[PDB]
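Just the one chain here, the form deposited in one PDB entry, laid out as structure tokens.
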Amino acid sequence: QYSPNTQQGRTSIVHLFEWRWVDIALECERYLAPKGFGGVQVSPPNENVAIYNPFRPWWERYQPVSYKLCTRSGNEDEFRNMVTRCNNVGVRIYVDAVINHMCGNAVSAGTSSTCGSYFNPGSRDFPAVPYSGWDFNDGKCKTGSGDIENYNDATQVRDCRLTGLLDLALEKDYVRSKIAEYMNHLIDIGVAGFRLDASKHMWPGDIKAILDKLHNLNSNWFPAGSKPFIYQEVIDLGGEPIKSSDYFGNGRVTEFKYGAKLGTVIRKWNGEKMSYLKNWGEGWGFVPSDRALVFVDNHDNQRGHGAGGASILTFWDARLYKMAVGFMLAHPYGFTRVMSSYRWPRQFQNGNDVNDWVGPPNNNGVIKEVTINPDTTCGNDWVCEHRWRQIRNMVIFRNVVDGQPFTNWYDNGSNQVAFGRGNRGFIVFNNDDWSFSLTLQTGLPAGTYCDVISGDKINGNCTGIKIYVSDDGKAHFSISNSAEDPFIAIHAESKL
């Protein structure tokens, strides 16, 4: 469960948040495969509540009506088509599996659902699965409200409703089997693995019992005996009875400390400095690298209400965001996920974005296609961070240096730092308020290297900055503190 099952030499996945299946299929072929992306985390493919107040929020997809693969992203035919086309170009699909719960207990009964399935939250009736009152934790939860009130009680965090979401009884073999049925449907279609949504709210043993029922991966694309990649979403910043490590038997865990701390460092908040990053990784008390799924932001905390708070860097913060993402992609710790977002009318009041609910770009609820601009960015308010040159080229950096050790660290004691990956890559950051001009040991073979942050290597040329590595491995780096992108990256495949 710990291996991503990506093609050899592909080291990242991208979250194409709220994208339609037909757009993801195209994206695999026209971009992700040639640019060396390992795979795609897709939004939940299963039927969800259609929530009209507010109007079609992104979070409606985290309230299941059934396991039909029928959503605003597409139907089962389109989903199957996407997984096939993506796998055929060597780009994997990971499903966001929402298995802890069905919808909100207060949602009105009816057919307001993305496939038109009937459901009745009040009577605990989801006939399209089918689930009934026997399949939920109503009796088991011991809190007064029936909802999670106290994170110091590990039992209620598992057995009670998260913000009132009907909590499935995952101890029951019937419920475990219905979930496995859904997941095996997806595996046989060809998905490579799963994000297990709200894993903190499930018992590690119930998750295991579900995973125990799963098929090996589709043998047309994956070697026999291949198991689905599992990454469990657990937000653990410490100090609670439930720890990320409790889930290690099932797969990897989301390390939410990673982006919280990195955001604080790059913002230079709370006295933190980039020079402190020298021991980044387990030295900062994160989970073991081989159990970590890392990221700068995710779909929830890029809206500022997550863990931790306002320190999270997002596309809105583009200059510092590119630096943080670049540091993450260069550093060997963890398996990396790149966010890809849509724009929404962010409106702050009282420290809160009142529009943080807004769903994907849409015409009266129909999600807009991803359009590609001549410069290869996206239109229709899709941000497409994964197509930003500075991010995409660092995705490739990480492929190029795969396996190479963290080495040749430099820091100035404040915010100017640099490091290499073996003899395959080197990266330099200036986050201080003065210029960085210094000669550093890059660990690289002598030659002329294209800086892949400012430009690209094309046809024996660089379109950006050129770095000159002498025969002793040393190169001069000049970075103004006022630079558009105050970091430089070079690697074996950017050499002329």
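Residue positions are given as counts along the sequence shown, with the first one as 1. For clarity, a rigid core is taken as the largest C-alpha set superposing within 1.5 Å between two forms. Residues that one form lacks are left out of the comparison.
In what follows, reference is made to the form deposited in another entry, a form of this protein that is not presented.
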| property | result |
| --- | --- |
| From 190, 146, 306, 204, residue displaced between this form and the one not shown - CA threshold 2 Å or more, rigid core | 306 |
| CA of residue 352, rigid core aligned, shift of 2 Å or more between this form and the one not shown | yes |
| Flag for residue 127, CA shift 2 Å or larger between this form and the one not shown after aligning core | no |
| Did residue 445 shift 2 Å or more between this form and the one not shown, C-alpha, core superposed | no |
| In the other form, shift in Cα separation for residue 280 relative to residue 298, 3 Å or more | closer |
| In the other form, whether the C-alpha atoms of residue 256 and residue 301 sit closer or farther than here (change of 3 Å or more) | farther |
| Regions of at least 3 residues displaced between this form and the one not shown by 2 angstroms or more (CA, core superposed) | 52-54, 109-111, 151-153, 298-316, 351-357, 363-366 |
